[PDB]
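Trainee: Encoded as structure tokens, here's the structure I'll be asking about.
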Ligand SMILES: *[C@@H]1O[C@H](CO)[C@@H](O)[C@H](O)[C@H]1O
Ligand SMILES: *[C@@H]1O[C@H](CO)[C@@H](O)[C@H](O)[C@H]1O
Ligand SMILES: *[C@@H]1O[C@H](CO)[C@@H](O)[C@H](O)[C@H]1O
Ligand SMILES: *[C@@H]1O[C@H](CO)[C@@H](O)[C@H](O)[C@H]1O
Ligand SMILES: *[C@@H]1O[C@H](CO)[C@@H](O)[C@H](O)[C@H]1O
Ligand SMILES: *[C@@H]1O[C@H](CO)[C@@H](O)[C@H](O)[C@H]1O
Ligand SMILES: *[C@@H]1O[C@H](CO)[C@@H](O)[C@H](O)[C@H]1O
Ligand SMILES: *[C@@H]1O[C@H](CO)[C@@H](O)[C@H](O)[C@H]1O
Ligand SMILES: *[C@@H]1O[C@H](CO)[C@@H](O)[C@H](O)[C@H]1O
Ligand SMILES: *[C@@H]1O[C@H](CO)[C@@H](O)[C@H](O)[C@H]1O
Ligand SMILES: *[C@@H]1O[C@H](CO)[C@@H](O)[C@H](O)[C@H]1O
Ligand SMILES: *[C@@H]1O[C@H](CO)[C@@H](O)[C@H](O)[C@H]1O
Ligand SMILES: *[C@@H]1O[C@H](CO)[C@@H](O)[C@H](O)[C@H]1O
Ligand SMILES: *[C@@H]1O[C@H](CO)[C@@H](O)[C@H](O)[C@H]1O
Ligand SMILES: *[C@@H]1O[C@H](CO)[C@@H](O)[C@H](O)[C@H]1O
Ligand SMILES: *[C@@H]1O[C@H](CO)[C@@H](O)[C@H](O)[C@H]1O
Ligand SMILES: *[C@@H]1O[C@H](CO)[C@@H](O)[C@H](O)[C@H]1O
Ligand SMILES: *[C@@H]1O[C@H](CO)[C@@H](O)[C@H](O)[C@H]1O
Ligand SMILES: *[C@@H]1O[C@H](CO)[C@@H](O)[C@H](O)[C@H]1O
Ligand SMILES: *[C@@H]1O[C@H](CO)[C@@H](O)[C@H](O)[C@H]1O
Ligand SMILES: *[C@@H]1O[C@H](CO)[C@@H](O)[C@H](O)[C@H]1O
Ligand SMILES: *[C@@H]1O[C@H](CO)[C@@H](O)[C@H](O)[C@H]1O
Ligand SMILES: *[C@@H]1O[C@H](CO)[C@@H](O)[C@H](O)[C@H]1O
Ligand SMILES: *[C@@H]1O[C@H](CO)[C@@H](O)[C@H](O)[C@H]1O
Ligand SMILES: *[C@@H]1O[C@H](CO)[C@@H](O)[C@H](O)[C@H]1O
Ligand SMILES: *[C@@H]1O[C@H](CO)[C@@H](O)[C@H](O)[C@H]1O
Ligand SMILES: *[C@@H]1O[C@H](CO)[C@@H](O)[C@H](O)[C@H]1O
Ligand SMILES: *[C@@H]1O[C@H](CO)[C@@H](O)[C@H](O)[C@H]1O
Ligand SMILES: *[C@@H]1O[C@H](CO)[C@@H](O)[C@H](O)[C@H]1O
Ligand SMILES: *[C@@H]1O[C@H](CO)[C@@H](O)[C@H](O)[C@H]1O
Ligand SMILES: *[C@@H]1O[C@H](CO)[C@@H](O)[C@H](O)[C@H]1O
Ligand SMILES: *[C@@H]1O[C@H](CO)[C@@H](O)[C@H](O)[C@H]1O
Ligand SMILES: *[C@@H]1O[C@H](CO)[C@@H](O)[C@H](O)[C@H]1O
Ligand SMILES: *[C@@H]1O[C@H](CO)[C@@H](O)[C@H](O)[C@H]1O
Ligand SMILES: *[C@@H]1O[C@H](CO)[C@@H](O)[C@H](O)[C@H]1O
Ligand SMILES: *[C@@H]1O[C@H](CO)[C@@H](O)[C@H](O)[C@H]1O
Ligand SMILES: *[C@@H]1O[C@H](CO)[C@@H](O)[C@H](O)[C@H]1O
Ligand SMILES: *[C@]1(*)O[C@H](CO)[C@@H](O)[C@H](O)[C@H]1O
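So this is what it looks like as structure tokens:
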């Protein structure tokens, strides 16, 4: 199972509707986690399952999708969000990860 | 004496002399010359001698008058002699011709062509003129003899060793010569009343014989007739040692013997082509060979696909007729072919036996594009080599019993009336094929659908028993383009009978074995499918027994409405029974009646259906074998559904079982296995009303993507005499990851139990309803969920562990371990319940629960709720532990409980602990520790009656927030008559220390109170307090 | 709070071996399995293997099957990652993660630098 991310990098403005699509090599039902890695190196889990928030997750983060396409959306962009968002599948062994999408401001 | 008269040299240079009355001499000087004669007649005792410069020297005697040439004397020449007489030529008895090459033709040849060495003969003949040879015509080695006429007859003998003998009946005949020999002959042009008859002997050893007759009419009249002996012994010439041709019209009635044998090497090639070819009773076409048999073709090549041989319209083989291509000493047998495009009636004998001292058997094909009547005998056996093959091919073929089919060969048979077929449908006597299997020869039967509009769909119908009670290993393959309707046993007592009821590669038909058509193979294989060609073929079966003894039974086929269907009472005994089926809308495998698939080694059922069921067994089917594996894939239906309100599925594995599928819905089954293992990967599985007993490990793994429960067990008794049951359920939808229901009992007396349930989203984890009596030497229940419960035993559950019980859960918002029902977890050595949660409770015992063991260890963590919560306004929790009890968590709330213990230990680290309305007895120490960081009480006891028979009660509360460090209220009773009571309370901020209200009776030997508070009361005994001590009472505070 | 403490920076010559430690606190150590994820330099993340402290059951990625080995000590609440035959290519940042089954990697370690 191979994961696909696009775009590999994104630039936008404060509070702009941000969308990081994450397409899969096949239908993985909903076995998707949205890890956010801050530039320092701390890696969290933001949306386990396709759309299911984690504990330390502000309401701005919200996903959707099914089958082969999935997206993670940050409704209001604030400079805390600047990070790389590895979308991870876990339907089929071995587990794999996305290519990373750095969210740069403009 | 009568010598030719009127001789006149027209071209070339030569002299004609008559030195005697009986001797006539011609002197040839030039290479080519034509001599025209008023009459060319040789009387008895007269000699016509040619004196020519070489053996390639050419002399032509064209008759330009008189009548038919009358040659009774001897004609001798050192070169080539060509005689042309439009009136015909006759060679009487005793006449002898001996030249280096001789041509007798009724067709005139132009002089210009002759001097230019262009030997073509056409036209100019008298109507009805014939060339009749009753004497002896011989040539030197490498010579040739040609008789081209409207009609040619040879009642004498013809001998051209090492050359070519050609008898043609055509308008135009073209002869190609080179270096004094004959290389090729071109025969073309139909003529009226054409015929070439040979009642004598023709020998062309190491050469070739061509008997071509091209007729204009003869709808049923004899166009070619060889009743004598034709011999072309020698090496196997690829052009054929003997070649016959009947043209496009007429009947080739052959009654004599054709010989192309080779005592020292490979036999010759005999080809007989025409429109209608009949071989009489005395026909003896032989192509044997010392080092291997030759080849024989009657009406065409193999399968009629040889482009060098014309395909006959009808070929009839009268009874007693014989074609022999068998090897004589050592070598492989040859090929004998009988092909026709309309109708083949075969009654003769064909020999394709291999060499006695070595070599494989030959191959025989008796095939007709239309109607086939194969009733004769064939022999392609081998004394040392592999068996031969008797191949058949017709439009549609139906096996019949015996040979009493009112055949028309010799009795009430006018001449050439056998060319009118009467028995529609290509009947074949089972007696013939019975002998073929009995004599160690394979049988192969094919069909092929004709053009649309005919009833000849290409079917096979066995309407007679096929037996093999003698002989070595043989094969029998029936591959039709239509149906394989079998309605008669195919048995074999001696040897092996490998049956292959294949369908055609592009077949669109099906295979039906019904009417109790048992197939016994005495160790032979049965392959009713094809294997991998995606050949759409249904395999319907009804009361058919497939006994393979020591062979392997493989059925394959794809049926949109039913891949392979089983009905009635079926029995299938074999070393390996491999069923493979596919479907689109119907059941890929559908066993409806009783199916007893007794196997010694391996049973394998495979299916795949888009909408229907892959494997759908509803009958009283019994499947006993060492290893049975049912693999199925279904997108809309069931991979493995065995549901039946009356039918029961019995499985007996001496070694192990494996079932795989998108959804495995087993039901009403009785399975004995060595190492059973399911694996569902799409829609979970279901075990209902089964009694699955296995000697060793059982591995029920299933994942469901739908609301249906993953591992759904209901009224199932699953036992492991020596192994462990490991179940692994996973539900990604609002279903339950593992759901236990109804009277389920699990026995792992010498092993483990591991029920793992991974919920997702709203999915609950493991579920328990009804009465579940899990007995094992080790029980472990693992669950994981987010909003639902990681582990829940709502229904009555009984667990008896000889060693220990372990429950583990992890719930994001729901309850990790929830016991809202009568749970009786008896165990000998240990019991541990571990949980963890964020919003909900970690451990939440609600119903009437009893947890008996020597060692109980509860633990849980909750961010905002209660970790260890044992409370219900009705439910009563009883804990019976001989040895230590440990409870650790952030919040411990014990209510309506009745605990007995050897030792006891709480530990609250975040939210403190509360004990209320409980009766806690513990012989030795009852150390209770609790640290709270919120306004809740540190150690909150109310209406609790705690007893220490031989031990010491120890409480130690710390409240960093403004809650009560250690608050006792109401009817608290503490008996520690043989030990010490020590309650330590550390408050902070405005928090009090040890607060006593209500009515507290603290009885003990030594009573010690300790408090530490900043702004609150270190010790505050507000209500009624009563402390009775036998040694001393100590209180301190700040 | 639930923490995943690891070792500091580890540097060895290529062809050496290093045993990485993942120390866990603030949660039931035998209630979740520990994961192991490598962040290759400027190429995306990748999964190595996991070991469940409840029974030391391990699943290994085939690429690291002969490259990594996992050991667990329940007493110290620690999972140890063993390595062999290191090269400069494997020089990356190695993360240990707390894996449940449905919650997956809800907490990651601080990460150690393995320069080889
Ligand atoms: C030659 O062919 C004729 C056909 O009538 C048959 O009668 C003779 O027996 C055979 O020699
Ligand atoms: C073939 O030859 C045998 C014996 O030479 C004779 O019995 C058959 O009648 C003939 O066809
Ligand atoms: C095949 O074997 C049988 C024995 O039943 C014999 O009768 C036939 O003559 C031979 O072809
Ligand atoms: C063979 O038999 C079938 C019935 O199975 C009939 O439909 C075809 O026409 C015939 O060729
Ligand atoms: C072969 O047998 C079937 C019955 O099985 C019959 O219907 C046909 O007429 C016969 O040829
Ligand atoms: C088919 O032929 C066999 C010969 O073995 C006979 O036994 C059966 O009675 C007939 O149907
Ligand atoms: C006879 O049958 C075997 C299988 O038993 C096959 O391999 C040979 O090709 C056939 O002659
Ligand atoms: C098989 O039988 C069917 C009838 O079901 C017939 O239609 C096909 O022609 C034959 O192949
Ligand atoms: C099948 O037939 C064979 C014949 O030898 C017999 O031995 C087996 O018991 C039977 O199943
Ligand atoms: C049926 O027979 C064929 C040859 O015609 C063989 O290739 C297949 O293996 C068997 O099923
Ligand atoms: C099996 O046999 C029964 C009666 O014995 C018949 O009713 C079914 O049609 C056949 O399949
Ligand atoms: C083969 O099996 C059938 C039942 O399938 C039985 O009727 C026959 O007697 C047996 O030879
Ligand atoms: C035989 O199989 C065909 C599809 O191949 C199906 O349409 C028929 O109903 C079944 O009998
Ligand atoms: C059935 O298949 C097994 C496969 O191992 C083989 O060993 C047996 O000889 C055969 O009967
Ligand atoms: C034909 O049957 C095979 C054997 O299972 C299956 O793989 C194909 O999908 C089906 O078309
Ligand atoms: C299973 O087989 C039965 C025949 O009894 C058929 O009616 C069903 O359609 C098939 O699923
Ligand atoms: C059954 O099949 C297994 C492989 O699945 C093989 O190992 C056995 O020899 C055979 O009986
Ligand atoms: C199997 O046997 C049961 C009872 O013996 C009957 O109810 C089912 O119909 C048959 O398949
Ligand atoms: C198939 O069954 C045999 C015993 O008959 C066993 O040895 C193999 O391991 C199994 O695959
Ligand atoms: C499974 O099958 C065996 C035969 O090996 C039988 O003895 C047992 O009774 C059944 O459970
Ligand atoms: C049947 O399945 C078991 C499962 O462990 C395996 O051990 C045996 O080798 C195989 O025959
Ligand atoms: C279960 O599997 C084991 C090997 O795993 C074998 O020894 C037993 O015979 C079988 O029942
Ligand atoms: C289910 O089947 C799969 C193969 O698709 C295997 O990997 C799992 O171990 C078994 O549970
Ligand atoms: C299993 O059997 C029970 C009662 O025998 C029935 O209620 C369920 O529907 C079936 O699955
Ligand atoms: C539950 O009770 C039913 C009643 O028949 C029994 O069949 C099952 O075996 C048991 O699990
Ligand atoms: C059971 O299946 C789960 C996934 O559902 C896997 O994580 C465990 O390793 C296996 O035991
Ligand atoms: C599970 O049970 C076994 C024996 O039943 C014991 O040896 C293990 O220690 C316990 O985990
Ligand atoms: C666990 O059970 C309690 C009652 O005991 C219920 O309130 C919760 O909703 C459940 O998760
Ligand atoms: C039960 O649990 C206790 C807790 O320490 C352990 O020591 C025993 O070994 C186990 O049986
Ligand atoms: C403790 O558990 C009870 C049910 O047993 C529930 O009602 C409470 O809300 C919880 O704190
Ligand atoms: C739990 O109980 C057992 C019983 O022997 C004891 O050995 C352990 O020390 C205690 O934790
Ligand atoms: C309480 O526990 C003891 C042993 O711990 C047992 O004897 C009693 O039966 C049960 O009530
Ligand atoms: C329970 O804990 C005590 C210490 O209080 C220890 O002595 C016992 O061995 C164990 O069962
Ligand atoms: C309670 O715990 C003590 C040690 O505190 C141990 O000695 C007794 O055996 C047990 O009952
Ligand atoms: C209570 O729990 C704490 C953990 O914070 C441990 O240190 C004490 O030993 C136990 O009494
Ligand atoms: C509170 O007091 C207890 C003894 O009662 C001690 O074990 C704990 O360490 C302290 O926090
Ligand atoms: C369920 O989840 C737990 C983590 O709490 C894991 O240990 C088990 O392996 C999985 O089945
Ligand atoms: C035997 O033949 C009868 C009559 O055609 C048919 O009804 C059966 O299905 C077949 O096996």
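Chains as they are written, first to last, in our numbering: chain C, 1 to 106; chain S, 1 to 1038; chain U, 1 to 116. Positions of the beta carbon are idealized from the N, C-alpha and C atoms, including for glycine.
(1) Measuring alpha carbon to alpha carbon, tell me which of S:416, S:434 and S:446 ends up nearest residue 426 of chain S.
(2) Please list the partners that residue 26 of chain U has in chain C, where partner means a Cβ-to-Cβ separation under 9 Å.
(3) With distance defined between alpha-carbon atoms, name the residue in U:96, U:83 and U:87 nearest to residue 46 of chain U.
(4) So what's residue 952 of chain S in DSSP terms, helix, strand or just coil?
(5) Could you tell me which of S:623, S:334, S:991 and S:467 sits nearest to residue 959 of chain S, measuring between CA atoms?
(6) Straight-line CA distance for residue 96 of chain S to residue 183 of chain S?
(7) With residue 98 of chain S as the anchor, note down where its beta strand (DSSP E) starts and where it stops.
(8) So with Cβ pairs under 9 Å, would you call residue 739 of chain S a contact of chain U?
(9) For the stretch 781 to 808 of chain S, enumerate the residues whose C-beta is nearer than 9 Å to any C-beta of chain C, in chain order.
(10) Helix, strand or coil: how does DSSP classify residue 553 of chain S here?
(11) Less than 6 Å between C-beta atoms, sequence neighbours within five positions excluded: which residues of the same chain meet that for residue 4 of chain C?
(12) Considering only C-alpha positions, which residue in the set S:755, S:330 and S:339 is nearest to residue 359 of chain S?
(13) Considering only residues of the same chain and omitting the five flanking positions on each side of residue 949 of chain S, which have a CB-CB separation below 6 Å?
(14) Around the Cβ of residue 37 of chain U, are there at least 16 other Cβ atoms within 10 angstroms (buried) or fewer (exposed)?
(15) Considering residue 24 of chain S, what are the terminal residues of the beta strand (DSSP E) in which it resides?
(16) Starting from the beta carbon of residue 42 of chain C, find every residue of chain U whose beta carbon is closer than 9 Å, and list them in chain order.
(17) Who are the neighbours of residue 70 of chain C on chain S, taking C-beta pairs under 7 Å?
(18) Any heavy atom of ligand 28 inside 8 Å of the beta-carbon of residue 814 of chain S?
(19) Does the beta-carbon distance from residue 17 of chain U to residue 85 of chain U come in below 9 Å?
(20) Using a Cβ cut-off of 9 Å (strictly closer), state whether residue 33 of chain C contacts chain U.
(21) Can you check DSSP and say which residues form a bridge with residue 49 of chain C?
(22) Could you tell me which chain C residues have their CB closer than 7 Å to the CB of residue 732 of chain S, listed as they occur along the chain?
(23) Keeping to the same chain, check which residues put their C-beta closer than 6 Å to that of residue 1045 of chain S; ignore five residues upstream and five downstream.
Mentor: From the atom records:
(1) Among S:416, S:434 and S:446, the Cα nearest to that of residue 426 of chain S is on S:446.
(2) The contact set of residue 26 of chain U on chain C, defined by CB atoms closer than 9 Å, is empty, because the minimum CB distance reaches about 14 Å.
(3) Here the closest residue by C-alpha is U:96.
(4) Note: residue 952 of chain S maps to coil in three-state DSSP.
(5) Residue S:991 is the option with its Cα nearest to residue 959 of chain S.
(6) Those two C-alpha atoms are separated by around 25 Å.
(7) 96 to 99 is the extent of the beta strand (DSSP E) around residue 98 of chain S.
(8) Not closer than 9 Å to any Cβ of chain U, the Cβ of residue 739 of chain S fails to qualify, so no.
(9) For the stretch 781 to 808 of chain S, which is checked against every Cβ of chain C, the residues closer than 9 Å are 786 and 787.
(10) The answer is strand: DSSP assigns residue 553 of chain S an E or B state.
(11) The answer, listed in chain order, is 23.
(12) Minimum Cα distance to residue 359 of chain S is reached at S:330.
(13) Residues 923 of the same chain have their beta carbon placed closer than 6 Å to that of residue 949 of chain S, with the five preceding and five following residues left out of the count.
(14) Buried, since its Cβ has 16 or more Cβ neighbours within 10 Å.
(15) Residues 23 to 28.
(16) Chain U residues near residue 42 of chain C: 108, 110 and 111.
(17) For the C-beta of residue 70 of chain C, not a single chain S residue is nearer than 7 Å; the gap to the nearest is close to 15 Å.
(18) True, at least one ligand heavy atom lies under 8 Å from that Cβ.
(19) Closer than 9 Å, so yes.
(20) Closer than 9 Å: yes.
(21) Answer is none; residue 49 of chain C lacks a bridge partner.
(22) Ordered by position in chain C, the residues that pass the 7 Å Cβ test against residue 732 of chain S are 29 and 30.
(23) No information on residue 1045 of chain S is available, as it lies outside the stretch 1 to 1038 that chain S covers here.
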